Amino acid sequence: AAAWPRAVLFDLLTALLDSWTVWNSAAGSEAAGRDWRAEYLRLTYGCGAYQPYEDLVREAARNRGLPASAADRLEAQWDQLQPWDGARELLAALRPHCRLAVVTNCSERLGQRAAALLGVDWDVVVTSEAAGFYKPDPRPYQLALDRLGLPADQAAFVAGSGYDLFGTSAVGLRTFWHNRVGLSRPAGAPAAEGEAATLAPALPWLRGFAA
Ligand SMILES: [Cl-]
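Residues numbered from 1 in each chain as written, not as in the entry; some residues may be left out. Heavy atoms only, no water.

Structure determination for this entry is recorded as X-ray crystallography, at 1.585 Å resolution.

When you go through the protein residue by residue, the secondary structure sums to 10 helices and six strands. A compact globule built from 211 residues would reach a C-alpha radius of gyration of about 17 Å, and the protein, at 16 Å, matches this within 12%. Each of the 211 residues in the protein was classed as buried or not, and the buried ones make up 52%. Summarising the internal contacts of the protein: among those between residues at least 6 apart in sequence, 62% fall at separations of at least 24. (Helix = DSSP H or I, 4+ residues; strand = E, 2+ residues; numbered from the N terminus. Rg over C-alpha atoms; globule rule 2.2 N^0.38 Å. Buried < 20%, exposed > 50% of the residue type's maximum accessible area, 1.4 Å probe, protein only. Contact = heavy atoms within 4.5 Å.)

In terms of burial, strand β4 (residues 155–159) is largely enclosed, as five of its five residues are buried. By the alternation rule, side chains of β4 split into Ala155, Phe157 and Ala159 and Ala156 and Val158, which are all buried. Bridge count between strand β1 (residues 7–10) and β4: four bridges; the pairing is parallel. Residue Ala7 lies in a different strand from β4, and its bridge partner there is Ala155. (Pairing = 2+ DSSP bridges.)

In this section: the packing of aromatic side chains. Evaluated as defined, the whole model comprises 11 aromatic pairs. Between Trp23 and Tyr40 the ring centres are 5.3 Å apart and the planes differ by 50°, which places this aromatic pair in the tilted class. Within this pair, whereas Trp23 is found in helix α1 (residues 19–27), its partner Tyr40 is found in helix α2 (residues 30–47), the two being separated by 17 residues in sequence. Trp23 gets classed as buried once you look at its relative accessible area, which sits at 2%. The exposure class assigned to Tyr40 is buried, which follows from its relative accessible area of 4%. Centroid distance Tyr45 to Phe166: 5.4 Å. Interplanar angle 40°. Geometry classified as tilted. Of the two residues, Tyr45 sits in helix α2 while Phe166 sits in helix α9 (residues 164–171), which places them 121 residues apart along the sequence. When its relative accessible area of 40% is taken as the criterion, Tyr45 is described as partly exposed. What makes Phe166 partly exposed here is its relative accessible area of 23%. Site record: aromatic cluster; members linked through ring pairs are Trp23, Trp36, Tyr40, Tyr53 and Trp78. Against the face of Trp23 rests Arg37, its NZ or CZ located 5.5 Å from the ring centre. Sitting over the ring of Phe209, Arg174 keeps its end group 3.8 Å from the ring centre. (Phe/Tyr/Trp six-rings, centres within 6.5 Å; stacked < 30°, edge-to-face > 60°. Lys NZ or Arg CZ within 6 Å of the ring centre and 35° of its normal.)

On to the environment of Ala26. Along the chain, the position of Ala26 falls in helix α1. A residue is classified by how much of its surface remains accessible, and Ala26, at 0% relative accessible area, is buried. A sequence separation of 51 residues divides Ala26 from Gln77, and the C-alpha atoms of the two residues are 7.5 Å apart. If near-sequence neighbours (up to four positions away) are discounted, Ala26 is found in contact with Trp36, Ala70, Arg73, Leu74 and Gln77.

Attention now goes to unusual backbone geometry. Residue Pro136 is reached from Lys135 by a cis peptide bond, and omega for that bond is 10°. The topology assignment puts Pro136 in the loop between α7 (128–131) and α8 (138–148).

Running from N to C, α8 and α9 cross one another at 55°; their axes reach a closest spacing of 9 Å. By the criterion of interaxial angle, the relationship of α8 to α9 is oblique. Crossing of α8 against α9: the hand is right-handed. Across the interface between the two elements, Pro138, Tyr141, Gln142 and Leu145 from α8 touch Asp164, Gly167, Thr168 and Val171 from α9. In terms of residue class, the contact of α8 with α9 is made up of four nonpolar, three polar and one charged. (Axes fitted to C-alpha atoms, helices over the stretch in contact; angles between N-to-C directions. Parallel < 35°, antiparallel > 145°, perpendicular 65-115°, else oblique. Left-handed = near helix turned anticlockwise from the far one by under 90°. Nonpolar A, V, L, I, M, F, W, Y, C, P; charged D, E, K, R; others polar.)

Here's what the structure looks like:
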């Protein structure tokens, strides 16, 4: 007996799209791209209020000794961001049952372009620029719930970074962690409800959500 949530909120740039590959190509090396994207995630975590996405990506690059122009290579290769295997299949399988929303730490300009790569008519796309704060601040997630008119207990969150676990816990969003590259959980972060290296197990998890 199906028990779908009323909505599913998604992290975009780690849970649905393979940003790691594009950031590594822009960096010139897998090691530089790893340091760069790890520093970027820590900067958004400690930012709180929105500072331009482009400025934080550029600051993360300088902080780890990448050339500052790596940010400009990443913007030039933005259309190369590929959906993970199973991402488009998951979203299409949820469409008749749940409202679908993106909650992304990105500018409105690049966030909307990346959201469009999944070929889905998203009900809501919330960027940190529109929300005025970066996740894990509660505002971006709460803005997606307030736009849909739903309480958090009727919605699920699909995360790609363990930093989202701080925010989903605070808002009351039960979370499935699509942890493809096997990141560790940040210190002090609560465990996800479900966690897997692929997106396929998210569909049975969401189908049994209210059961
Ligand atoms: Cl690190």
